[PDB]
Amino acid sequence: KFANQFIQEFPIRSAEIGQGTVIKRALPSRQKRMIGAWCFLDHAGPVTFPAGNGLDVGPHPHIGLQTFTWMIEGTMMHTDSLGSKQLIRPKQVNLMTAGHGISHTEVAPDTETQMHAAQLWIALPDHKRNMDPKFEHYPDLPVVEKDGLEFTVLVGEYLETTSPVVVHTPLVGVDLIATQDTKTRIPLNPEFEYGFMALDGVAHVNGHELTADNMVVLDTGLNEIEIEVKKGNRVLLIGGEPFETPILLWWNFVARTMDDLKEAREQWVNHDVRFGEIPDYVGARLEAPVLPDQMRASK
């Protein structure tokens, strides 16, 4: 009853990435742009496809953010303009810090037939937004199990278990899977806002149903929340301290002013060293859409 005044639920939409691969896009949406520093969230799969038809995202840039890939099922090859080459497998995280700028590709091996993943972006704080880019791979995320749930701490600290993933603002991300039918209350930090998304199956958060077509978000203020999860179903919990500074998110860029975006777009179109090259990629380099002359910030 008390918790429900801090809860909002809204549908999430289908969208295409790479060469027509259909995914679900949860953030940004018309009702919610950010949860802590989390400023983008795609749910990919679960899906099975013919070998050779997996995700193929060609060269494209990012600025002012970190991309965060949580691979649940299947594999993906990450390549970037720093020369990183990393195959990500189930139960692993890739963290690419774009900062001042980087470009990358994400391509499924030609023998791969499955894909289940959550792809997020993290807005860098003002003091780190232009840092040198880097790429980090995490093959082992810690697991804490209680109340019939197996919690994998992806980032931050949850149930006194801290992920090795290094981020620059107060943030948390946890994958939860039920080992048995359960209903329990899980702890929350009152200074954080949160989002819940069903990764596999359905669940309930304070009585609100989580499906593959919605998301439940919480305002700051709660110390705990009740969830219901049948055995085998999986949920993603993300959260963080409200990001105070207004940001501009357009295409693959997170910035602060229109001039930042104009500059970066021009540099991409002109093959500027800022974004480097990915010489081993076979195919088309992705193109920047038109940049509107005016756009609203995150707040």
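Numbering starts at 1 and runs along the sequence shown.
Between 113-121 and 180-188, the higher mean Cα B-factor belongs to 180-188.
Here 233-241 and 56-64 are compared by their mean Cα B-factor, and 233-241 comes out higher. Going by the entry's values, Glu224 shows the largest Cα B-factor out of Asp175, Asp80, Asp132, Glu224. In this structure the maximum Cα B-factor among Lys146, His100, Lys91, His168 is found at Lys146. Looking at the C-alpha B-factors along this chain, the one for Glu193 belongs to the middle third. The entry lists a Cα temperature factor for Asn214 that places it in the middle third of the chain's modelled residues. Looking at the C-alpha B-factors along this chain, the one for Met258 belongs to the highest third. Remark: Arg30 belongs to the highest third of its chain, ranked by C-alpha B-factor as recorded. Sort the chain's modelled residues by C-alpha temperature factor and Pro246 lands in the highest third, per the entry.
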